[PDB]
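Next comes just one chain, in structure tokens: the form deposited in one PDB entry.
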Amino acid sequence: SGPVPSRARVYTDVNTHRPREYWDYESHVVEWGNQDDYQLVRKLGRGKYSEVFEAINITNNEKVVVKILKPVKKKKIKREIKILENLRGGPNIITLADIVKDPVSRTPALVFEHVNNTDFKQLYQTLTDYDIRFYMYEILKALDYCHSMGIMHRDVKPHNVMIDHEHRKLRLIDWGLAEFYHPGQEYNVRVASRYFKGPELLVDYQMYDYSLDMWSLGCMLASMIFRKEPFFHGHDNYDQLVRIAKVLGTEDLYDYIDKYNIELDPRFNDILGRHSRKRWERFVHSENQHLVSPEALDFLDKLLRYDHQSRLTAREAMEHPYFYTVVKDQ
């Protein structure tokens, strides 16, 4: 009658063996700080959910990044804070230094460790083949850690990867979309950016898991190695599935729909058509060849799969020979 259920292949039950307070974020009490510890120095950007500022901690002149939240429901803020606290200190995770509240306007504001420069405008531009491997391996460290801590990031894309190319350091940021994985739980599919949503989000399969972040990572890698950003350039959510299908083929699409007994929105019944699975060589040209290799295409093929169950996990991804040179170098 309904969709066939699903469980993560790894880290399935790590949140069950935790004390309830670790993932029951609705019950978390926020420990506020004094916002008068801090002065804003200048603005750095503004995303969909917050404005971002360079700022200074006046007691100990420490330099800091301040994210002033546009108003969201109290429970999503408790979620983000709890996740950031759980992950603090893990590899390549942004560190949450404080959390403050404007006395007048009552707006919450997270305070983070300084890092500078973003993946955009330096992504498909200045990085060598070895850079891409190195930085991808650093992202995998973050994803494997957070998954092993029971947490889905759900918004992996270049805008949320802060790289500081001088010091070869990387932080995975904006955890406001992240969730705890619980076996059997049905999640909201209206997450992540259009170009990075996995097939499970596009077909509205709610019992997804960590492997969602591995579809996004595969999207990021495809755009970097082919120098085509975004790789899947959908007009909207329904067309986004069409763009994937024109690359991955429809056969595996309808195979995935049947294995999980997914009801396909009748909207799709006309735009998907029939498409062969294309070979990756179709995307290689003179301008991107120096970043493409058999290793990279093989690795990519194993991230971009319809069946979320069959994607490389993060730990498996780090064992792929695309990263042999990186691993030996540390």
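The first residue of the shown sequence is 1; numbering continues from there. Shifts are known only where both forms have a C-alpha. Rigid core (definition): largest C-alpha set, two forms, superposition within 1.5 Å.
This protein has a second form, the form deposited in another entry, left out of what is shown; the following refers to that one.
Visitor: Taking only shifts of 2 Å or more in Cα after a rigid core superposition between this form and the one not shown, tell me which of 178, 123, 221, 163 qualifies.
Guide: The residue that shifts is 123.
Visitor: Is residue 188 displaced by at least 2 Å at its C-alpha between this form and the one not shown when the rigid core is overlaid?
Guide: For residue 188, whose C-alpha is compared between this form and the one not shown after core superposition, the shift is less than 2 Å.
Visitor: For residue 103, state whether the C-alpha moves by 2 Å or more between this form and the one not shown after rigid core superposition.
Guide: Superposed on the core, residue 103 moves its C-alpha 2 Å or more between this form and the one not shown.
Visitor: Can you confirm the direction of the Cα distance change for residue 218 and residue 123 in that other deposited form, closer or farther than in this form, given it is 3 Å or more?
Guide: Between the C-alphas of residue 123 and residue 218, the gap widens in that other deposited form (3 Å or more compared with this form).
Visitor: Specify closer or farther for residue 306 and residue 123: how their Cα atoms are spaced in that other deposited form versus the shown form, given a shift of 3 angstroms or more.
Guide: Relative to this form, farther apart in that other deposited form.
Visitor: Enumerate, in order of sequence, every stretch of at least three consecutive residues present in both forms where each C-alpha is displaced by 2 angstroms or more between this form and the one not shown, superposition done on the rigid core.
Guide: Moving stretches, in sequence order: 102-105, 121-124, 327-329.
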